[PDB]
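Raw coords16.txt, compact mmCIF, N, CA and C atoms:
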```txt
# COMPACT_ATOMS: atom_id res chain seq x y z
N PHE A 1426 12.81 5.67 -1.62
CA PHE A 1426 13.83 4.84 -1.01
C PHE A 1426 13.35 3.40 -0.89
N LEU A 1427 12.25 3.19 -0.17
CA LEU A 1427 11.68 1.86 -0.04
C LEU A 1427 11.06 1.35 -1.33
N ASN A 1428 10.53 2.25 -2.16
CA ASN A 1428 10.05 1.84 -3.47
C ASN A 1428 11.21 1.47 -4.38
N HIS A 1429 12.33 2.17 -4.25
CA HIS A 1429 13.56 1.80 -4.93
C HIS A 1429 14.20 0.57 -4.29
N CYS A 1430 13.96 0.36 -3.00
CA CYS A 1430 14.40 -0.84 -2.31
C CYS A 1430 13.41 -1.99 -2.43
N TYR A 1431 12.47 -1.91 -3.38
CA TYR A 1431 11.59 -3.04 -3.64
C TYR A 1431 12.33 -4.17 -4.34
N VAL A 1432 13.35 -3.83 -5.13
CA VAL A 1432 14.24 -4.85 -5.68
C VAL A 1432 15.08 -5.48 -4.58
N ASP A 1433 15.41 -4.70 -3.56
CA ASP A 1433 15.97 -5.23 -2.33
C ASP A 1433 14.91 -5.78 -1.39
N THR A 1434 13.63 -5.51 -1.67
CA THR A 1434 12.55 -6.07 -0.87
C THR A 1434 12.16 -7.47 -1.34
N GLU A 1435 12.69 -7.91 -2.47
CA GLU A 1435 12.44 -9.25 -2.99
C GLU A 1435 13.63 -10.17 -2.78
N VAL A 1436 14.33 -9.99 -1.66
CA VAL A 1436 15.48 -10.84 -1.36
C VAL A 1436 15.01 -12.23 -0.93
N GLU A 1437 15.92 -13.20 -1.05
CA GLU A 1437 15.60 -14.57 -0.67
C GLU A 1437 15.49 -14.71 0.84
N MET A 1438 16.42 -14.11 1.57
CA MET A 1438 16.42 -14.12 3.03
C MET A 1438 15.79 -12.82 3.51
N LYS A 1439 14.57 -12.91 4.02
CA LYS A 1439 13.87 -11.77 4.59
C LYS A 1439 13.87 -11.91 6.11
N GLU A 1440 14.85 -11.30 6.76
CA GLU A 1440 14.99 -11.37 8.20
C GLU A 1440 14.57 -10.09 8.90
N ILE A 1441 15.08 -8.93 8.46
CA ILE A 1441 14.61 -7.66 8.98
C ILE A 1441 13.33 -7.20 8.30
N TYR A 1442 12.93 -7.85 7.21
CA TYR A 1442 11.68 -7.52 6.55
C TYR A 1442 10.46 -7.95 7.36
N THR A 1443 10.60 -8.98 8.20
CA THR A 1443 9.49 -9.39 9.04
C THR A 1443 9.27 -8.47 10.23
N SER A 1444 10.35 -7.91 10.79
CA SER A 1444 10.23 -7.03 11.94
C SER A 1444 9.91 -5.59 11.53
N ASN A 1445 10.64 -5.06 10.55
CA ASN A 1445 10.34 -3.71 10.07
C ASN A 1445 9.03 -3.67 9.31
N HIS A 1446 8.65 -4.77 8.67
CA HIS A 1446 7.33 -4.88 8.07
C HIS A 1446 6.27 -4.93 9.16
N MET A 1447 5.12 -4.35 8.86
CA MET A 1447 4.03 -4.19 9.82
C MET A 1447 4.24 -2.98 10.73
N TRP A 1448 5.34 -2.26 10.53
CA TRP A 1448 5.61 -1.02 11.23
C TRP A 1448 5.63 0.17 10.29
N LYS A 1449 6.23 0.01 9.11
CA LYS A 1449 6.34 1.09 8.14
C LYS A 1449 5.10 1.23 7.27
N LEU A 1450 4.15 0.30 7.37
CA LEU A 1450 2.93 0.42 6.58
C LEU A 1450 2.00 1.47 7.16
N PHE A 1451 1.70 1.39 8.45
CA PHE A 1451 0.78 2.31 9.10
C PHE A 1451 1.34 3.72 9.22
N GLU A 1452 2.66 3.86 9.32
CA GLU A 1452 3.25 5.19 9.29
C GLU A 1452 3.15 5.82 7.91
N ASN A 1453 3.10 4.99 6.86
CA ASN A 1453 2.90 5.51 5.51
C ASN A 1453 1.48 6.01 5.30
N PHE A 1454 0.52 5.53 6.09
CA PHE A 1454 -0.87 5.94 5.97
C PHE A 1454 -1.25 7.01 6.99
N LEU A 1455 -0.30 7.89 7.34
CA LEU A 1455 -0.58 8.90 8.35
C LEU A 1455 -1.48 10.01 7.83
N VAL A 1456 -1.11 10.64 6.72
CA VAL A 1456 -1.88 11.76 6.18
C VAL A 1456 -2.74 11.27 5.03
N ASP A 1457 -2.11 10.69 4.02
CA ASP A 1457 -2.83 10.09 2.92
C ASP A 1457 -3.45 8.78 3.38
N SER A 1473 0.95 13.78 -6.89
CA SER A 1473 1.71 12.58 -7.20
C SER A 1473 1.99 11.78 -5.94
N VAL A 1474 1.80 12.43 -4.79
CA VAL A 1474 2.04 11.79 -3.50
C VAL A 1474 1.10 10.61 -3.32
N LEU A 1475 -0.15 10.79 -3.72
CA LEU A 1475 -1.13 9.73 -3.63
C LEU A 1475 -0.70 8.56 -4.52
N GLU A 1476 -0.20 8.85 -5.71
CA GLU A 1476 0.24 7.79 -6.61
C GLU A 1476 1.39 7.01 -5.98
N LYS A 1477 2.32 7.73 -5.36
CA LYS A 1477 3.45 7.07 -4.72
C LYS A 1477 2.97 6.17 -3.59
N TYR A 1478 2.01 6.67 -2.82
CA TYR A 1478 1.46 5.91 -1.71
C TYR A 1478 0.79 4.65 -2.23
N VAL A 1479 0.05 4.79 -3.33
CA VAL A 1479 -0.63 3.65 -3.92
C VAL A 1479 0.39 2.62 -4.36
N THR A 1480 1.48 3.06 -4.97
CA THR A 1480 2.50 2.12 -5.42
C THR A 1480 3.07 1.37 -4.22
N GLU A 1481 3.35 2.09 -3.14
CA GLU A 1481 3.90 1.44 -1.95
C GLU A 1481 2.93 0.42 -1.37
N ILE A 1482 1.65 0.78 -1.36
CA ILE A 1482 0.61 -0.09 -0.84
C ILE A 1482 0.52 -1.36 -1.68
N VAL A 1483 0.63 -1.20 -3.00
CA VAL A 1483 0.59 -2.32 -3.93
C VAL A 1483 1.77 -3.24 -3.66
N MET A 1484 2.93 -2.65 -3.42
CA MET A 1484 4.11 -3.44 -3.12
C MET A 1484 3.91 -4.25 -1.83
N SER A 1485 3.28 -3.65 -0.82
CA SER A 1485 3.08 -4.35 0.45
C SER A 1485 1.85 -5.24 0.68
N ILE A 1486 2.07 -6.55 0.73
CA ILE A 1486 1.01 -7.51 1.01
C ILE A 1486 0.84 -7.68 2.52
N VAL A 1487 -0.33 -8.20 2.91
CA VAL A 1487 -0.64 -8.35 4.32
C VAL A 1487 0.06 -9.58 4.88
N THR A 1488 0.92 -9.36 5.87
CA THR A 1488 1.60 -10.47 6.52
C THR A 1488 0.65 -11.18 7.48
N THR A 1489 0.98 -12.42 7.82
CA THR A 1489 0.17 -13.22 8.73
C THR A 1489 0.31 -12.65 10.14
N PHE A 1490 -0.71 -11.93 10.60
CA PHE A 1490 -0.69 -11.33 11.92
C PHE A 1490 -2.10 -11.24 12.50
N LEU A 1502 -7.27 -6.39 7.13
CA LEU A 1502 -7.10 -5.97 8.52
C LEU A 1502 -7.78 -4.63 8.76
N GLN A 1503 -7.42 -3.97 9.86
CA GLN A 1503 -7.99 -2.68 10.22
C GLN A 1503 -7.43 -1.53 9.40
N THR A 1504 -6.38 -1.78 8.61
CA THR A 1504 -5.81 -0.74 7.77
C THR A 1504 -6.55 -0.59 6.44
N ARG A 1505 -7.57 -1.42 6.21
CA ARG A 1505 -8.29 -1.37 4.93
C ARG A 1505 -9.18 -0.14 4.83
N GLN A 1506 -9.51 0.49 5.96
CA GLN A 1506 -10.34 1.69 5.91
C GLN A 1506 -9.63 2.88 5.28
N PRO A 1507 -8.31 3.01 5.35
CA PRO A 1507 -7.65 4.14 4.69
C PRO A 1507 -7.42 3.94 3.21
N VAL A 1508 -7.36 2.69 2.73
CA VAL A 1508 -7.27 2.45 1.30
C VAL A 1508 -8.55 2.85 0.59
N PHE A 1509 -9.69 2.76 1.28
CA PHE A 1509 -10.94 3.31 0.77
C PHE A 1509 -10.95 4.82 0.76
N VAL A 1510 -10.07 5.46 1.54
CA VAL A 1510 -9.85 6.89 1.39
C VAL A 1510 -9.23 7.18 0.03
N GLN A 1511 -8.37 6.28 -0.46
CA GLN A 1511 -7.87 6.38 -1.83
C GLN A 1511 -8.97 6.16 -2.85
N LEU A 1512 -9.93 5.29 -2.55
CA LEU A 1512 -11.10 5.15 -3.42
C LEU A 1512 -12.05 6.33 -3.25
N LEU A 1513 -12.22 6.80 -2.01
CA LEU A 1513 -13.06 7.96 -1.76
C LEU A 1513 -12.43 9.23 -2.32
N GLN A 1514 -11.10 9.28 -2.37
CA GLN A 1514 -10.38 10.38 -2.98
C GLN A 1514 -10.02 10.10 -4.44
N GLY A 1515 -10.45 8.96 -4.98
CA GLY A 1515 -10.25 8.71 -6.40
C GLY A 1515 -11.08 9.62 -7.28
N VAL A 1516 -12.34 9.81 -6.92
CA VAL A 1516 -13.18 10.81 -7.57
C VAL A 1516 -13.03 12.12 -6.81
N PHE A 1517 -13.44 13.22 -7.45
CA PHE A 1517 -13.34 14.55 -6.86
C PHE A 1517 -11.89 15.00 -6.74
N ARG A 1518 -11.15 14.81 -7.83
CA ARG A 1518 -9.74 15.17 -7.88
C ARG A 1518 -9.29 15.10 -9.33
N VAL A 1519 -8.23 15.85 -9.64
CA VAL A 1519 -7.69 15.84 -11.00
C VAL A 1519 -6.94 14.56 -11.31
N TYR A 1520 -6.55 13.80 -10.29
CA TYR A 1520 -5.82 12.55 -10.47
C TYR A 1520 -6.78 11.50 -11.04
N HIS A 1521 -6.32 10.79 -12.06
CA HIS A 1521 -7.14 9.79 -12.73
C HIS A 1521 -7.10 8.47 -11.96
N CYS A 1522 -7.93 7.55 -12.43
CA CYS A 1522 -8.07 6.26 -11.82
C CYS A 1522 -7.57 5.08 -12.63
N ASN A 1523 -6.60 5.26 -13.52
CA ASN A 1523 -6.06 4.06 -14.15
C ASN A 1523 -5.30 3.41 -12.98
N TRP A 1524 -4.46 4.25 -12.37
CA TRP A 1524 -3.66 3.91 -11.21
C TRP A 1524 -4.61 3.69 -10.04
N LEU A 1525 -5.65 4.51 -9.96
CA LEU A 1525 -6.63 4.40 -8.90
C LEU A 1525 -7.33 3.06 -8.97
N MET A 1526 -7.66 2.61 -10.17
CA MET A 1526 -8.33 1.33 -10.38
C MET A 1526 -7.41 0.22 -9.93
N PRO A 1527 -6.11 0.35 -10.27
CA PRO A 1527 -5.17 -0.68 -9.82
C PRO A 1527 -5.10 -0.71 -8.30
N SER A 1528 -5.09 0.47 -7.68
CA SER A 1528 -5.04 0.60 -6.23
C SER A 1528 -6.28 -0.02 -5.61
N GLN A 1529 -7.43 0.18 -6.23
CA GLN A 1529 -8.68 -0.37 -5.74
C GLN A 1529 -8.60 -1.89 -5.78
N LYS A 1530 -8.05 -2.42 -6.87
CA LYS A 1530 -7.90 -3.87 -7.00
C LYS A 1530 -6.97 -4.39 -5.91
N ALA A 1531 -5.90 -3.66 -5.65
CA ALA A 1531 -4.94 -4.04 -4.62
C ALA A 1531 -5.61 -4.03 -3.26
N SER A 1532 -6.45 -3.03 -3.02
CA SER A 1532 -7.17 -2.88 -1.77
C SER A 1532 -8.12 -4.05 -1.59
N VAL A 1533 -8.77 -4.45 -2.68
CA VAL A 1533 -9.69 -5.58 -2.64
C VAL A 1533 -8.91 -6.84 -2.28
N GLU A 1534 -7.73 -7.00 -2.87
CA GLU A 1534 -6.90 -8.16 -2.59
C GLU A 1534 -6.50 -8.17 -1.11
N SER A 1535 -6.15 -6.99 -0.59
CA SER A 1535 -5.76 -6.86 0.81
C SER A 1535 -6.92 -7.23 1.72
N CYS A 1536 -8.12 -6.80 1.35
CA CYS A 1536 -9.32 -7.09 2.11
C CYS A 1536 -9.56 -8.59 2.13
N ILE A 1537 -9.36 -9.23 0.98
CA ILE A 1537 -9.54 -10.68 0.87
C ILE A 1537 -8.53 -11.38 1.78
N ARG A 1538 -7.30 -10.89 1.79
CA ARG A 1538 -6.26 -11.46 2.63
C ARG A 1538 -6.58 -11.16 4.09
```
Target format C-alpha cells, applied to this file:
Amino acid sequence: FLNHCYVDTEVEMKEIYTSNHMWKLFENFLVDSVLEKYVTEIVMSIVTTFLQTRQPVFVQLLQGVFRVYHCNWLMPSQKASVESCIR
C-alpha cells in the first residue's frame, strides 16, 4: 500500500507526510520476501530532520548472511543504511 503509494509519496505538497512520517517507520521495524519488502520501504524512507533506528537495519545486514535470500538487494539495503547513518 505505502510502497504503491510511493508515487503518491512524491507529491509536491507534503502536509500529512510530515506528521505520519516518523511514526510508520518504527512500526515497520517491529519484527524484521518480507525482508525484501521491508528493505524497499526503508530505501524509500529518508531520515527527516528530527538515528537510533540504525541498529535494526544492521539486523538486515546481520540477517543478510545465513539465509537463502541473496544480497544484491541486501547490498542496496546496506548502502541505504549507510546513507541513513550518514544522515
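CA of residue 1432 in chain A is found 26.0 Å from CA of residue 1456 in chain A.
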Item to check | Which of chain A fall in helix (DSSP H, G or I), as number ranges by chain | outcome: A: 1429-1431, 1441-1445, 1449-1453, 1474-1484, 1505-1513, 1525-1537
Kindly provide the residues of range 1437-1487 of chain A that approach range 1509-1533 of chain A to within 7 Å, each paired with its closest atom pair and their distance in Å to one decimal, based on only N, CA and C atoms, listed by chain and increasing number, as a Markdown table.
```
| residue | atom | partner | partner_atom | distance |
| --- | --- | --- | --- | --- |
| A:1457 | C | A:1511 | N | 6.7 |
| A:1479 | CA | A:1528 | CA | 5.8 |
| A:1482 | C | A:1531 | CA | 6.8 |
| A:1483 | CA | A:1531 | CA | 5.8 |
```
Checklist entry - Near residue 1451 in chain A, within 12 Å and counting only C-alpha atoms, which residues show up once chain neighbours fewer than 6 positions away are dropped, as a list in words? => result residues 1445, 1457, 1478, 1481, 1482, 1485, 1487, 1502, 1503, 1504, 1505, 1506, 1507 and 1508 of chain A
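Considering only N, CA and C atoms, the residue among A:1473, A:1484, A:1447, A:1536 positioned nearest to residue 1431 in chain A is A:1484.
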